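Engineer: I am attaching a structure below and will ask some questions about it afterwards.
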Amino acid sequence: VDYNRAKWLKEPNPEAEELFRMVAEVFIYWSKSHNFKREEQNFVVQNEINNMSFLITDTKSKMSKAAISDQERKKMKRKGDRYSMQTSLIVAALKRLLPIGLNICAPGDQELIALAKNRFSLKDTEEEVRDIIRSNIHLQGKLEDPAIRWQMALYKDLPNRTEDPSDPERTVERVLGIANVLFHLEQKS
Amino acid sequence: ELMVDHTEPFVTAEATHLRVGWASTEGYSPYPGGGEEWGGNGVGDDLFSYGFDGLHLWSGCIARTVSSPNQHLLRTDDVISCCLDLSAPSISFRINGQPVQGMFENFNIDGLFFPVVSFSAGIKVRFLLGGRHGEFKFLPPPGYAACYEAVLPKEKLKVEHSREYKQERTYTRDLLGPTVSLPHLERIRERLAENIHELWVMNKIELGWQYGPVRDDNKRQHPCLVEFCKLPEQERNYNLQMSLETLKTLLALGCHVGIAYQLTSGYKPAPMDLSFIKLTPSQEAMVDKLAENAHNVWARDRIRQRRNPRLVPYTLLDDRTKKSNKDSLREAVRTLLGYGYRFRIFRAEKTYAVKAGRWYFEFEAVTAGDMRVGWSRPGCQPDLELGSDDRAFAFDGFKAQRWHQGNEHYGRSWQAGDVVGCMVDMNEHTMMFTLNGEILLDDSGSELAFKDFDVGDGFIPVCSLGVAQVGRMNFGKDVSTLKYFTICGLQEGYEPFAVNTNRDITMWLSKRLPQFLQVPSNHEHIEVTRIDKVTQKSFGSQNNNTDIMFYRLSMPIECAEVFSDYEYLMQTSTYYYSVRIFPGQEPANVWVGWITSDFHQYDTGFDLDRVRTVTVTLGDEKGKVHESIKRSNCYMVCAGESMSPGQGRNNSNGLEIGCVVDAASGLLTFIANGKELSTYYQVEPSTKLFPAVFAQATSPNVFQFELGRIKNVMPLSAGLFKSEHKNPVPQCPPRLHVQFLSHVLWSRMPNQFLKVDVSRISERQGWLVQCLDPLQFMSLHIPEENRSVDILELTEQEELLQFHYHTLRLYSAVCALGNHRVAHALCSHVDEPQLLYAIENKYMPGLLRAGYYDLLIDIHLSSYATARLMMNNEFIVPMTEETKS
Amino acid sequence: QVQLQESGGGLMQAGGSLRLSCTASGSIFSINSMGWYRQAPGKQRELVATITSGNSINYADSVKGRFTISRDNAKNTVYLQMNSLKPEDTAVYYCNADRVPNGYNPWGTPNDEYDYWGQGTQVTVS
Amino acid sequence: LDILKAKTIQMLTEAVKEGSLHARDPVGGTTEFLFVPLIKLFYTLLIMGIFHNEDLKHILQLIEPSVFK
């Protein structure tokens, strides 16, 4: 995803969008399942997995025995610190794919995503939030702003437009799928 | 020389400011000396530059009215041949061939001199050089070089702005920062001489030369051909000199030197394996250094005798000659080897500070180096490094670390052209950076450089650039200009800093010129105690961290515009003050005297020989010298030299230096503890002299100003304040105060610069500089300090802003209710072009804009408007045909 | 600084005896290769006979005539005697003392310009 | 007076356009400083009756184009 992330932003490939969606679904399952987080933490603690090693891309970089933090490496001795929610690969992949997911939806669609995420925060079920998005779909286009003008301009300038804005059902589904994920990310952040 | 093709005399309200001359760079640095950046100051406005305008000689903002045949302001088709000489202290000019009747002399020789022309606007000028760079209409004076002859090696001569980097470019200004100044080896000796001479005689034989003391090309006789054993004594000495130099440099190169066929018309040379042996690149570099030393001594011998390229140092020497010398000198080395023996801070204006919202801007790095970018509150100080204090949040990509009251690592490093964008969400109190469109990883797992910070005053975009650094600012006026905005700012909802902004952001930067500012109470090592039967001003500094401080009184004393017993005390024009040095302060670092408003020289050490002085010797129509006026920005004497022998250890009361200024004659005299000093100065008419003392803090109490008076001489306050002029009692009004020279000031870049249509080509008849765009600005002058500041710069100066707003209110009140005489009187101070520019200008403080509008409506358009409005109620209709119609 | 003062070269009819004295004063190092350079009005400069220490006279195409050049290194004093005079010999003669020995330089550029060009005098022939 | 006419007309048109676009940098730092002195000057000129028929037409068009069309 870091390999073709720039490409995937330049042109929102259908595979790009679909992969972001099902990665989001996996994250939603992981967040909803408390046993998922506990078992992942236990697994990481048992195997002493260095998640930040995978998080940081392997590039050409050497220290030449300069600024060696061996004291710091001795300082980290916490099994709880071995597994961190920020270091989790699922949410890391979501962070890597998040600009692509935002490119999936229009800036007005992003406004509806924010409103739907607020609805999720206000103890609302998925279908209730979907109905709210269907009712409030009128705000797209109506909400105009000078910055929103160039946002729309760049959104159209982006070549791939596999998303269907003329379909209210598809727009509502995309808004819902981004909004619940962002609400869970707010819970975890 | 240079011809003006067409000069507009009155394109604007004032005459065309056309001056030509020479300017000397200050401190032997690329920064030149002359008119300050972004101001209506040309050449000849300071001691650094010397100019001539066709009728006057200009130096230090004062003209001399030079006389010449058909004296007049420079009109079209004027040769204006300027001859500069620097070995001698003289710069001469000749208008249309006839020399000017007076030159400049004893100007400070140090620094690099260049020609320079201040051409105002609405003018066309074209230079002349030698060769393809121009046609010399008039012949140069004897013993003079061409204008283009002094071209730097391997450089193409071109013309550009003298000091300002203005290019009339929007959002692409290369805000470049500071620049750079710009017995065991005797056998070895003999054998090396042998090898050198046989290598040379191989080439000699290849031509067909023989041996013999006579050296004729026809006879092909070469005395050096014979071996060193039988070499003739003069040729032996000639060869041995270079052999001795070669081995001396070999042993001085840091490496110890000891002991460890072909067609032959004459004899057979037998060289060693020079090429066969392999020499390491370090040895190659050391031999190269030896060759550089040999060429350096060659040049040292040669410069005594003709502006040849070899006169240039080895660093700029032509590569062909450099390589030839390198190999020629390295041959002997191979024989030896074979045998086995002022960072600049830019920022947006403080009025555009934002207290909330999401903001972004881009910083370019054309050259990677000391670059810091970020957001700082308006309280940031230019002298302090960006991010080194709690008032600034900066990031340095080259060192990959954040700066706010401390240094902490953040992210990776950048390269040339790597744009860095600044996400700032004030509502969330988050702020971080995107390098080349990607978010940095901070240290372990974070992405934000700074957080949990009080909003306080709105944060402002700011960037600090170090030596030899080039960067560009992109606030985001146009989204299309922004490149990586769609990657980060678009997704997270950060709006551009200046997308809604209608006009370009004025830029405020750290200015190089240090000005005198009033001493503040909270300033470290600066405590001025005001006591009071004569008033005293003592400086009891406590920190004493800074070495040398320059102190100046707030207001000056002016001399007579035309130079010529209590009764004679009242008739007299001499004014006296004194400086008393407290015990513990070493007198040799104290200089007491007068300065003008042009003293902006700052250095860790002060010497009277470094004082900027130039004396113009104006002569007669017959060439006879009559007047030699000397200019200076500093007139003091050294307290150490004024100290009478033994007073440094015997005087318990310290040293008192009394300065007397006679304004009627322009004479400055000094007295040391009742003893008259032999050092005295003569100043020009209409000169304003500021009492000033320069001192190095060696004791808690350094010295004090005394405003007392001596017999038959009036006190200083009498000349300072006009209200107290006849009273000889010494008083200390609150207006008078000491000011120390400081570098903590900001300067504003004008939104519109003077566009120049310079040719930028090596065209014939010389390079052409033409500018037909009339640009003007209003300059507010402070009479007390004899200084000028653009009226637009008062936005950040709250005190001057308020005082001028109330002054405009006073003008409106005094001319209100149809006082026509007062309106006519005010018409002189407030001019019609001034009012038109004030009302039209988009960039203007609100208070000043309202004041100028009200002043306009009061002096004009007031009486008729009021009378007509009052009459409006009445209705009188004449009985005419239009009435019937 | 080595300065060469040249005196003589008066004007008389052809066939007369002309005496020229050139004295070099300056540093005690690098005294060698005194030469004369002749330049006619608006014409190419030629090299006159050059004498060096050890009585080594280097001739050229301009030595035609009756030349007698002798140098003394004790005071760096050169006496030049012209016996046969021709109308084409009217030119300015400059006395030079260059450390380039006898007119050769194995080093090259770092000494080809190592010349001390002293003052000269105008020789005129009727 | 004629130069003042042209100046006030052009700045009034530019000011109304800028106010329509709602810039964040009004002349003088506040929309009050942008408009109040300019409209005061225009009002004084109108009272003095300097403006001619065409100038009044343009003024009415800029203040309200629909009604004064």
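Letters A, B, ... go to the chains of the structure tokens in the order shown; residues in each chain start at 1; ligands are counted from 1 in the same order.
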Neighbours of range 56-66 of chain C within 7 Å (only C-alpha atoms; same-chain residues fewer than 6 positions away dropped), as a compact mmCIF listing (two decimals) with N, CA and C atoms, in the first residue's frame?
Structural biologist:
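Here's the written file part_2.txt:
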```txt
# COMPACT_ATOMS: atom_id res chain seq x y z
N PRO B 213 77.74 27.51 -24.08
CA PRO B 213 77.30 28.66 -23.26
C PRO B 213 76.47 29.66 -24.04
N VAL B 214 76.77 29.87 -25.32
CA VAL B 214 75.95 30.73 -26.15
C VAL B 214 74.63 30.03 -26.44
N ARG B 215 73.55 30.81 -26.47
CA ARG B 215 72.19 30.30 -26.68
C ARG B 215 71.59 31.04 -27.87
N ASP B 216 71.82 30.51 -29.07
CA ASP B 216 71.25 31.04 -30.30
C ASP B 216 70.38 29.97 -30.94
N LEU C 47 64.66 41.60 -31.52
CA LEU C 47 65.59 41.30 -30.44
C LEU C 47 67.02 41.57 -30.91
N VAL C 48 67.69 42.50 -30.25
CA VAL C 48 69.09 42.83 -30.53
C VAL C 48 69.96 41.80 -29.83
N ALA C 49 71.26 41.80 -30.13
CA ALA C 49 72.18 40.83 -29.54
C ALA C 49 72.12 40.89 -28.01
N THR C 50 72.04 39.71 -27.40
CA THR C 50 71.87 39.56 -25.96
C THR C 50 73.11 38.90 -25.37
N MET C 82 78.42 50.83 -31.32
CA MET C 82 77.94 50.72 -32.69
C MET C 82 78.88 51.50 -33.59
N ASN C 83 79.52 50.81 -34.54
CA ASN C 83 80.47 51.47 -35.42
C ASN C 83 79.82 51.82 -36.76
N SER C 84 79.16 50.87 -37.40
CA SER C 84 78.51 51.09 -38.69
C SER C 84 77.03 51.40 -38.45
```
Engineer: Do you know which residues are at most 10 Å from residue 91 in chain C counting only C-alpha atoms, after dropping those on the same chain fewer than 6 positions away, and could you put them as an mmCIF file with N, CA, C and O atoms, in the first residue's frame?
Structural biologist:
```cif
data_model
loop_
_atom_site.group_PDB
_atom_site.id
_atom_site.type_symbol
_atom_site.label_atom_id
_atom_site.label_comp_id
_atom_site.auth_asym_id
_atom_site.auth_seq_id
_atom_site.Cartn_x
_atom_site.Cartn_y
_atom_site.Cartn_z
ATOM 1 N N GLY C 9 72.917 56.569 -27.333
ATOM 2 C CA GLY C 9 72.125 56.532 -28.546
ATOM 3 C C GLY C 9 71.833 57.893 -29.143
ATOM 4 O O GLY C 9 70.690 58.183 -29.510
ATOM 5 N N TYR C 37 66.154 45.326 -26.860
ATOM 6 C CA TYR C 37 64.991 45.166 -27.725
ATOM 7 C C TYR C 37 64.804 46.444 -28.528
ATOM 8 O O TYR C 37 64.689 47.530 -27.951
ATOM 9 N N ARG C 38 64.776 46.315 -29.851
ATOM 10 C CA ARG C 38 64.649 47.456 -30.748
ATOM 11 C C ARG C 38 63.236 47.503 -31.314
ATOM 12 O O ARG C 38 62.698 46.478 -31.747
ATOM 13 N N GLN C 39 62.636 48.690 -31.288
ATOM 14 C CA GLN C 39 61.298 48.912 -31.820
ATOM 15 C C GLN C 39 61.318 50.177 -32.662
ATOM 16 O O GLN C 39 61.635 51.257 -32.153
ATOM 17 N N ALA C 40 61.006 50.041 -33.945
ATOM 18 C CA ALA C 40 60.899 51.197 -34.815
ATOM 19 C C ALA C 40 59.515 51.825 -34.687
ATOM 20 O O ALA C 40 58.585 51.202 -34.171
ATOM 21 N N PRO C 41 59.358 53.072 -35.139
ATOM 22 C CA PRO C 41 58.048 53.730 -35.025
ATOM 23 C C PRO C 41 56.961 53.005 -35.803
ATOM 24 O O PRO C 41 56.997 52.949 -37.037
ATOM 25 N N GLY C 42 55.987 52.451 -35.084
ATOM 26 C CA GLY C 42 54.906 51.715 -35.719
ATOM 27 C C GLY C 42 55.346 50.468 -36.451
ATOM 28 O O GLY C 42 54.743 50.108 -37.468
ATOM 29 N N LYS C 43 56.383 49.792 -35.960
ATOM 30 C CA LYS C 43 56.899 48.579 -36.577
ATOM 31 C C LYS C 43 57.080 47.502 -35.514
ATOM 32 O O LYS C 43 57.013 47.763 -34.310
ATOM 33 N N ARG C 45 58.670 44.819 -33.009
ATOM 34 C CA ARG C 45 59.821 44.848 -32.118
ATOM 35 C C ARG C 45 60.717 43.644 -32.380
ATOM 36 O O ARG C 45 60.236 42.511 -32.482
ATOM 37 N N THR C 121 66.318 54.149 -24.597
ATOM 38 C CA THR C 121 66.605 55.420 -25.250
ATOM 39 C C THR C 121 66.409 55.274 -26.752
ATOM 40 O O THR C 121 66.469 54.173 -27.301
ATOM 41 N N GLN C 122 66.184 56.403 -27.416
ATOM 42 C CA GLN C 122 65.932 56.420 -28.851
ATOM 43 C C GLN C 122 67.244 56.640 -29.596
ATOM 44 O O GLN C 122 67.932 57.642 -29.371
ATOM 45 N N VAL C 123 67.597 55.696 -30.469
ATOM 46 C CA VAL C 123 68.755 55.811 -31.345
ATOM 47 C C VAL C 123 68.266 56.290 -32.704
ATOM 48 O O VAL C 123 67.364 55.684 -33.299
ATOM 49 N N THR C 124 68.849 57.382 -33.190
ATOM 50 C CA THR C 124 68.462 57.989 -34.455
ATOM 51 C C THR C 124 69.666 58.058 -35.384
ATOM 52 O O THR C 124 70.770 58.414 -34.960
ATOM 53 N N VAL C 125 69.446 57.708 -36.649
ATOM 54 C CA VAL C 125 70.480 57.742 -37.676
ATOM 55 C C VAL C 125 70.000 58.643 -38.804
ATOM 56 O O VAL C 125 68.884 58.475 -39.307
#
```
Engineer: Near residue 64 in chain B, counting only C-alpha atoms, which residues have an atom at most 12 Å away, once you skip same-chain residues fewer than 6 positions from it, shown as a PyMOL selection string?
Structural biologist: chain B and resi 44+50-58+100-104+615-619+627-631+684-685
Engineer: Could you list, as a ChimeraX atom specification, every residue of chain C that has an atom within 8 Å of an atom of chain B, counting only C-alpha atoms?
Structural biologist: /C:1,32,53-54,56-60,101-104,106,110-111,113-116
Engineer: Find the residues near range 33-44 of chain D: any atom within 8 Å, counting only C-alpha atoms, skip ones fewer than 3 places away on the same chain, and give them as a PDB file with N, CA and C atoms, in the first residue's frame.
Structural biologist:
```
ATOM      1  N   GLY B 846      -5.885  51.219   8.955  1.00  0.00           N
ATOM      2  CA  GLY B 846      -7.247  51.722   8.968  1.00  0.00           C
ATOM      3  C   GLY B 846      -7.359  53.099   9.593  1.00  0.00           C
ATOM      4  N   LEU B 847      -6.659  53.315  10.708  1.00  0.00           N
ATOM      5  CA  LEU B 847      -6.727  54.605  11.384  1.00  0.00           C
ATOM      6  C   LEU B 847      -6.188  55.716  10.497  1.00  0.00           C
ATOM      7  N   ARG B 849      -5.981  55.660   7.219  1.00  0.00           N
ATOM      8  CA  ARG B 849      -6.875  55.825   6.077  1.00  0.00           C
ATOM      9  C   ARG B 849      -8.066  56.697   6.448  1.00  0.00           C
ATOM     10  N   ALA B 850      -8.683  56.418   7.598  1.00  0.00           N
ATOM     11  CA  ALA B 850      -9.806  57.233   8.050  1.00  0.00           C
ATOM     12  C   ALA B 850      -9.374  58.670   8.310  1.00  0.00           C
ATOM     13  N   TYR B 853      -8.846  60.465   4.952  1.00  0.00           N
ATOM     14  CA  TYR B 853     -10.131  60.756   4.328  1.00  0.00           C
ATOM     15  C   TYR B 853     -10.813  61.937   5.007  1.00  0.00           C
ATOM     16  N   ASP B 854     -10.844  61.935   6.341  1.00  0.00           N
ATOM     17  CA  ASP B 854     -11.476  63.032   7.064  1.00  0.00           C
ATOM     18  C   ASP B 854     -10.747  64.345   6.802  1.00  0.00           C
ATOM     19  N   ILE B 857     -11.807  65.596   3.348  1.00  0.00           N
ATOM     20  CA  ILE B 857     -13.163  66.136   3.370  1.00  0.00           C
ATOM     21  C   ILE B 857     -13.245  67.420   4.180  1.00  0.00           C
ATOM     22  N   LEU B 861     -13.900  70.229  -0.069  1.00  0.00           N
ATOM     23  CA  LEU B 861     -15.217  69.601  -0.160  1.00  0.00           C
ATOM     24  C   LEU B 861     -16.015  69.727   1.134  1.00  0.00           C
ATOM     25  N   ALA B 865     -20.088  71.702   0.647  1.00  0.00           N
ATOM     26  CA  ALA B 865     -20.986  70.614   1.017  1.00  0.00           C
ATOM     27  C   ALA B 865     -21.912  71.036   2.146  1.00  0.00           C
TER      28      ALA B 865
ATOM     29  N   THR D   8     -12.937  57.905  -7.118  1.00  0.00           N
ATOM     30  CA  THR D   8     -13.957  57.372  -6.227  1.00  0.00           C
ATOM     31  C   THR D   8     -14.835  56.356  -6.939  1.00  0.00           C
ATOM     32  N   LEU D  12     -14.954  52.574  -5.645  1.00  0.00           N
ATOM     33  CA  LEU D  12     -16.246  52.099  -5.166  1.00  0.00           C
ATOM     34  C   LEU D  12     -16.652  50.811  -5.872  1.00  0.00           C
ATOM     35  N   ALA D  15     -14.470  48.083  -4.486  1.00  0.00           N
ATOM     36  CA  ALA D  15     -14.848  47.792  -3.109  1.00  0.00           C
ATOM     37  C   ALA D  15     -16.130  46.976  -3.045  1.00  0.00           C
ATOM     38  N   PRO D  26      -9.983  42.957   4.256  1.00  0.00           N
ATOM     39  CA  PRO D  26     -10.517  44.239   3.792  1.00  0.00           C
ATOM     40  C   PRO D  26      -9.483  45.341   3.941  1.00  0.00           C
ATOM     41  N   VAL D  27      -9.587  46.346   3.069  1.00  0.00           N
ATOM     42  CA  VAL D  27      -8.651  47.462   3.106  1.00  0.00           C
ATOM     43  C   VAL D  27      -8.745  48.153   4.455  1.00  0.00           C
ATOM     44  N   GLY D  28      -7.609  48.276   5.133  1.00  0.00           N
ATOM     45  CA  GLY D  28      -7.576  48.824   6.469  1.00  0.00           C
ATOM     46  C   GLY D  28      -7.772  47.814   7.576  1.00  0.00           C
ATOM     47  N   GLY D  29      -8.035  46.552   7.244  1.00  0.00           N
ATOM     48  CA  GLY D  29      -8.206  45.513   8.233  1.00  0.00           C
ATOM     49  C   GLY D  29      -9.634  45.262   8.667  1.00  0.00           C
ATOM     50  N   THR D  30     -10.576  46.118   8.281  1.00  0.00           N
ATOM     51  CA  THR D  30     -11.971  45.941   8.651  1.00  0.00           C
ATOM     52  C   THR D  30     -12.842  46.472   7.523  1.00  0.00           C
ATOM     53  N   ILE D  47     -23.728  65.301  -2.431  1.00  0.00           N
ATOM     54  CA  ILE D  47     -24.358  66.505  -1.889  1.00  0.00           C
ATOM     55  C   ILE D  47     -23.910  67.730  -2.668  1.00  0.00           C
ATOM     56  N   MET D  48     -22.606  67.838  -2.926  1.00  0.00           N
ATOM     57  CA  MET D  48     -22.114  68.963  -3.710  1.00  0.00           C
ATOM     58  C   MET D  48     -22.589  68.911  -5.154  1.00  0.00           C
TER      59      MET D  48
END
```
Engineer: Would you give me, as a PyMOL selection string, the residues of chain B that come within 10 Å of chain A, using only C-alpha atoms?
Structural biologist: chain B and resi 437-438+441+444-446+478-480+485-496+499-500
Engineer: Chain B near chain D within 12 Å: what's each residue's closest atom pair and its distance in Å to one decimal, counting only C-alpha atoms, ordered by chain then ascending residue number, as JSON lines?
Structural biologist:
```
{"residue": "B:349", "atom": "CA", "partner": "D:25", "partner_atom": "CA", "distance": 11.9}
{"residue": "B:350", "atom": "CA", "partner": "D:29", "partner_atom": "CA", "distance": 11.7}
{"residue": "B:351", "atom": "CA", "partner": "D:29", "partner_atom": "CA", "distance": 8.0}
{"residue": "B:352", "atom": "CA", "partner": "D:25", "partner_atom": "CA", "distance": 8.2}
{"residue": "B:353", "atom": "CA", "partner": "D:25", "partner_atom": "CA", "distance": 11.5}
{"residue": "B:354", "atom": "CA", "partner": "D:24", "partner_atom": "CA", "distance": 11.1}
{"residue": "B:477", "atom": "CA", "partner": "D:23", "partner_atom": "CA", "distance": 11.8}
{"residue": "B:497", "atom": "CA", "partner": "D:24", "partner_atom": "CA", "distance": 10.6}
{"residue": "B:498", "atom": "CA", "partner": "D:24", "partner_atom": "CA", "distance": 8.7}
{"residue": "B:499", "atom": "CA", "partner": "D:24", "partner_atom": "CA", "distance": 9.2}
{"residue": "B:500", "atom": "CA", "partner": "D:23", "partner_atom": "CA", "distance": 5.6}
{"residue": "B:501", "atom": "CA", "partner": "D:24", "partner_atom": "CA", "distance": 5.4}
{"residue": "B:502", "atom": "CA", "partner": "D:23", "partner_atom": "CA", "distance": 5.6}
{"residue": "B:503", "atom": "CA", "partner": "D:25", "partner_atom": "CA", "distance": 7.5}
{"residue": "B:504", "atom": "CA", "partner": "D:25", "partner_atom": "CA", "distance": 9.8}
{"residue": "B:505", "atom": "CA", "partner": "D:25", "partner_atom": "CA", "distance": 9.6}
{"residue": "B:506", "atom": "CA", "partner": "D:25", "partner_atom": "CA", "distance": 11.7}
{"residue": "B:792", "atom": "CA", "partner": "D:28", "partner_atom": "CA", "distance": 10.7}
{"residue": "B:795", "atom": "CA", "partner": "D:28", "partner_atom": "CA", "distance": 9.7}
{"residue": "B:832", "atom": "CA", "partner": "D:4", "partner_atom": "CA", "distance": 10.6}
{"residue": "B:833", "atom": "CA", "partner": "D:3", "partner_atom": "CA", "distance": 11.1}
{"residue": "B:835", "atom": "CA", "partner": "D:4", "partner_atom": "CA", "distance": 10.4}
{"residue": "B:836", "atom": "CA", "partner": "D:4", "partner_atom": "CA", "distance": 8.1}
{"residue": "B:837", "atom": "CA", "partner": "D:7", "partner_atom": "CA", "distance": 10.3}
{"residue": "B:838", "atom": "CA", "partner": "D:28", "partner_atom": "CA", "distance": 11.4}
{"residue": "B:839", "atom": "CA", "partner": "D:38", "partner_atom": "CA", "distance": 8.3}
{"residue": "B:840", "atom": "CA", "partner": "D:7", "partner_atom": "CA", "distance": 7.2}
{"residue": "B:841", "atom": "CA", "partner": "D:27", "partner_atom": "CA", "distance": 8.8}
{"residue": "B:842", "atom": "CA", "partner": "D:27", "partner_atom": "CA", "distance": 5.6}
{"residue": "B:843", "atom": "CA", "partner": "D:27", "partner_atom": "CA", "distance": 6.6}
{"residue": "B:844", "atom": "CA", "partner": "D:28", "partner_atom": "CA", "distance": 5.6}
{"residue": "B:845", "atom": "CA", "partner": "D:28", "partner_atom": "CA", "distance": 5.0}
{"residue": "B:846", "atom": "CA", "partner": "D:28", "partner_atom": "CA", "distance": 3.8}
{"residue": "B:847", "atom": "CA", "partner": "D:28", "partner_atom": "CA", "distance": 7.6}
{"residue": "B:848", "atom": "CA", "partner": "D:28", "partner_atom": "CA", "distance": 8.6}
{"residue": "B:849", "atom": "CA", "partner": "D:28", "partner_atom": "CA", "distance": 7.0}
{"residue": "B:850", "atom": "CA", "partner": "D:37", "partner_atom": "CA", "distance": 5.9}
{"residue": "B:851", "atom": "CA", "partner": "D:37", "partner_atom": "CA", "distance": 9.0}
{"residue": "B:852", "atom": "CA", "partner": "D:37", "partner_atom": "CA", "distance": 9.2}
{"residue": "B:853", "atom": "CA", "partner": "D:37", "partner_atom": "CA", "distance": 6.0}
{"residue": "B:854", "atom": "CA", "partner": "D:37", "partner_atom": "CA", "distance": 7.4}
{"residue": "B:855", "atom": "CA", "partner": "D:37", "partner_atom": "CA", "distance": 10.8}
{"residue": "B:856", "atom": "CA", "partner": "D:41", "partner_atom": "CA", "distance": 8.8}
{"residue": "B:857", "atom": "CA", "partner": "D:41", "partner_atom": "CA", "distance": 6.9}
{"residue": "B:858", "atom": "CA", "partner": "D:41", "partner_atom": "CA", "distance": 10.6}
{"residue": "B:860", "atom": "CA", "partner": "D:1", "partner_atom": "CA", "distance": 10.3}
{"residue": "B:861", "atom": "CA", "partner": "D:44", "partner_atom": "CA", "distance": 7.1}
{"residue": "B:862", "atom": "CA", "partner": "D:44", "partner_atom": "CA", "distance": 8.0}
{"residue": "B:863", "atom": "CA", "partner": "D:48", "partner_atom": "CA", "distance": 9.8}
{"residue": "B:864", "atom": "CA", "partner": "D:48", "partner_atom": "CA", "distance": 6.6}
{"residue": "B:865", "atom": "CA", "partner": "D:48", "partner_atom": "CA", "distance": 5.1}
{"residue": "B:866", "atom": "CA", "partner": "D:48", "partner_atom": "CA", "distance": 8.6}
{"residue": "B:867", "atom": "CA", "partner": "D:48", "partner_atom": "CA", "distance": 9.1}
{"residue": "B:868", "atom": "CA", "partner": "D:48", "partner_atom": "CA", "distance": 6.6}
{"residue": "B:869", "atom": "CA", "partner": "D:47", "partner_atom": "CA", "distance": 6.6}
{"residue": "B:870", "atom": "CA", "partner": "D:47", "partner_atom": "CA", "distance": 10.4}
{"residue": "B:871", "atom": "CA", "partner": "D:47", "partner_atom": "CA", "distance": 11.0}
{"residue": "B:872", "atom": "CA", "partner": "D:47", "partner_atom": "CA", "distance": 9.3}
```
Engineer: How many Å lie between CA of residue 361 in chain B and CA of residue 433 in chain B, rounded to one decimal?
Structural biologist: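 The value is 9.9 Å.
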Engineer: For the atom pair CA of residue 640 in chain B and CA of residue 535 in chain B, what is the interatomic distance in Å to one decimal place?
Structural biologist: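 Interatomic distance, CA of residue 640 in chain B to CA of residue 535 in chain B: 25.2 Å.
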Engineer: Tell me which protein, DNA and RNA residues are within 12 Å of residue 452 in chain B, counting only C-alpha atoms, leaving out same-chain ones fewer than 4 positions away, and put them as a list in words.
Structural biologist: residues 425, 426, 427, 428, 429, 430, 431 and 448 of chain B
Engineer: Keeping only N, CA, C and O atoms, take the residues you just selected and write them out as a CSV table (one decimal), in the first residue's frame.
Structural biologist:
```csv
chain,number,residue,atom,x,y,z
B,425,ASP,N,-3.8,22.8,13.0
B,425,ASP,CA,-5.2,22.9,13.4
B,425,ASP,C,-5.2,23.5,14.8
B,425,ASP,O,-4.9,22.9,15.8
B,426,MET,N,-5.6,24.8,14.9
B,426,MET,CA,-5.6,25.5,16.1
B,426,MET,C,-6.7,25.1,17.1
B,426,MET,O,-6.5,25.0,18.3
B,427,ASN,N,-7.9,24.7,16.5
B,427,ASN,CA,-8.9,24.2,17.4
B,427,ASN,C,-8.5,22.9,18.1
B,427,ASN,O,-8.8,22.7,19.3
B,428,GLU,N,-7.9,22.0,17.4
B,428,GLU,CA,-7.4,20.8,18.0
B,428,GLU,C,-6.0,21.0,18.7
B,428,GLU,O,-5.5,20.0,19.3
B,429,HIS,N,-5.4,22.2,18.5
B,429,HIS,CA,-4.1,22.4,19.1
B,429,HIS,C,-3.1,21.4,18.6
B,429,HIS,O,-2.2,20.9,19.3
B,430,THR,N,-3.2,21.1,17.3
B,430,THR,CA,-2.2,20.2,16.7
B,430,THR,C,-1.5,20.9,15.6
B,430,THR,O,-2.0,21.8,14.9
B,431,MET,N,-0.2,20.5,15.4
B,431,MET,CA,0.6,21.2,14.3
B,431,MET,C,1.7,20.3,14.0
B,431,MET,O,2.5,19.8,14.8
B,448,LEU,N,2.7,14.3,15.1
B,448,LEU,CA,2.6,15.7,15.3
B,448,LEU,C,3.8,16.3,16.0
B,448,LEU,O,4.3,15.6,17.0
```
Engineer: List the neighbours of range 820-831 of chain B out to 7 Å using only C-alpha atoms; skip same-chain residues closer than 5 positions along the sequence, and give me the result as a list in words.
Structural biologist: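 In the requested form, the answer reads residues 814, 815 and 859 of chain B.
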